[PDB]
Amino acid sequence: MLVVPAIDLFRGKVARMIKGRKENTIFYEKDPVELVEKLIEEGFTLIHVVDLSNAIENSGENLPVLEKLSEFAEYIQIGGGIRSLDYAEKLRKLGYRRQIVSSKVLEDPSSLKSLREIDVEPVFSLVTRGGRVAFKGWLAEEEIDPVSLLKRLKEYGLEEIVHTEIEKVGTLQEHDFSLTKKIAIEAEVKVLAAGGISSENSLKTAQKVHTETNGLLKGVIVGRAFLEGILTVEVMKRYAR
């Protein structure tokens, strides 16, 4: 199964926002380019990078870092405020072929095809709060159920999602894999689980779910515990076997 280290960027820096609040941002003193280099040396082939400056403020402040990281764009899935085809094209020219999109797909589901047409592999970021779809723009009441939303989006060619349990991001709570497994099986989409991938037990449950779903649960995204060194590179590597 995949085990995907995640890095958030804010104001040029490796960062973490507590409950996603910008006034509560922890900055790390590790160089993001050095960090990514090390991960590739360690044998990681997929790294999750989110531009929070662009996501939260439409700020282009992390573009110099993204350009430096683009050398390794092949091993990166990039997200954060990719809200236009032009933006996605900009990133793609740097070499970022795998892009995480959210509100764009919810406002304009034909963007999935438009992205594929510029050689971008679009990955939908589904976010849930207590099993329910968390999205503040227009959404049919029937689609508050993640399976009902993903069913519709598949008709637009959706193939792969990140499923993030938002209330568990940044915590050491345990991702609800029963919820993820149901989404993966019923919606019939490839899924990377995020939020509360925070212990060796999470990785054990993930590997077990990866097996039960026949690879539909592709793997997990590790943020907090990776950046904090709670789940070491060594441990993550062992579970990607």
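Residue positions are given as counts along the sequence shown, with the first one as 1.
Between 23-31 and 49-57, point out the one with the higher average CA B-factor as the PDB entry records it.
Result of the comparison: 23-31.
116-124 versus 132-140 - which carries the larger mean C-alpha B factor in the record:
Of 132-140 and 116-124, the stretch with the higher C-alpha B-factor average is 132-140.
Determine, from the deposited record, the chain-internal third of the Cα B-factor for residue 65: lowest, middle or highest.
It falls in the bottom third of the chain.
Is the Cα B-factor recorded for residue 168 in the lowest, middle or highest third of its chain?
CA B-factor rank for residue 168: lowest third.
Hey, what third does residue 185 fall into on Cα B-factor, ranked over its chain?
As the PDB entry reports it, the C-alpha B-factor of residue 185 lands in the highest third of its chain.
B-factor third for the C-alpha atom of residue 233 within its chain:
Highest third of the chain for residue 233's C-alpha B-factor.
For residue 179, the third of its chain into which the C-alpha B factor falls
Residue 179: CA B-factor falls in the middle third of its chain.
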